[PDB]
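Trainee: When we follow the authors' numbering, the leftmost residue of the first sequence carries the number 7, and every step to the right adds one. Just so you know, even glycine gets a beta-carbon here, dropped at the ideal spot from N, CA and C. I have a structure I would like to understand better, so I am pasting it below and will then ask my questions one at a time.
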Amino acid sequence: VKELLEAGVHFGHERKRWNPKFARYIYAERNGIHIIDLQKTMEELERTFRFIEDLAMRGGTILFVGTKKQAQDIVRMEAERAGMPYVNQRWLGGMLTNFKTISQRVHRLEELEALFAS
RNA sequence: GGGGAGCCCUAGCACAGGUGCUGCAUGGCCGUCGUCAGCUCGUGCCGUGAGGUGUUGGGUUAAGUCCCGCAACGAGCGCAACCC
């Protein structure tokens, strides 16, 4: 499934503007663009969804942050079904250092919903 | 009959007074740049740090007025509004 549906439509891309370490995950580089090796993918993927299975089998959440048309749409959609918060918007500065600030904004938006129903 | 009080007279005294200088010792009060849109606070991030950031970028407005971007998210005095 993973390997076989992946060759369905995605793998390698980008014109040789490649970061060193990333190309350790890479086989070939031809036809003009790199070729992703689905092996290391599935390695880091059994690992990934092991991590994800655990963290989801004790409750905790993780984000979906995507801000490029494509990605953007999907994330929010999936997020709603996934429950978890989505960031398809300007990932604002401080969000994960300024928790008290963003929480200010939140409580105020809750208050928007408050003073709106009155 | 005198002493005492508001009460005026004269010497003496402590004093008043002076629109005499000093706005380069000052308050207060007006000017003026100028209704020009300007001066900053808060957590976070960048910078060894002074500090920067926010406020530099584009369209727009009477406007730091609003939008877009965006390492920031906002917040106060200004502009406006509450006043005639």
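Could you give the residue range of the alpha helix (DSSP H) that holds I58?
Mentor: Residues 44-62.
Trainee: Taking buried to mean at least 16 other C-beta atoms within 10 Å of its own C-beta, is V81 buried or exposed?
Mentor: Classification of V81: buried, given that the 10 Å Cβ count is 16 or more.
Trainee: If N94 and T67 are in contact, beta carbons under 8 angstroms, what's the gap, nearest whole angstrom?
Mentor: At roughly 17 angstroms, the Cβ-Cβ gap does not stay under 8 angstroms, so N94 and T67 are not in contact.
Trainee: Relative to the C-alpha of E12, which residue among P26, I41, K22 is closest?
Mentor: Taking only the C-alpha atoms, the option nearest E12 is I41.
Trainee: Just curious, the alpha helix (DSSP H) that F105 is in, first and last residue?
Mentor: Taken as a continuous stretch (DSSP letters only), the alpha helix (DSSP H) holding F105 covers 105-122.
Trainee: In whole angstroms, what separates the C-alpha of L115 from that of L44?
Mentor: Taking the straight line joining both Cα atoms gives about 44 angstroms.
Trainee: Between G65 and the ligand ADP, is there a pair consisting of the residue's CB and a ligand heavy atom that are separated by less than 6 angstroms?
Mentor: With respect to the ligand ADP, the structure offers nothing, as it holds no ligand at all.
Trainee: How would you label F70, buried or exposed, when you count the other beta carbons within 10 angstroms and need 16 or more for buried?
Mentor: Counting Cβ neighbours within 10 Å, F70 comes out buried, since at least 16 surround it.
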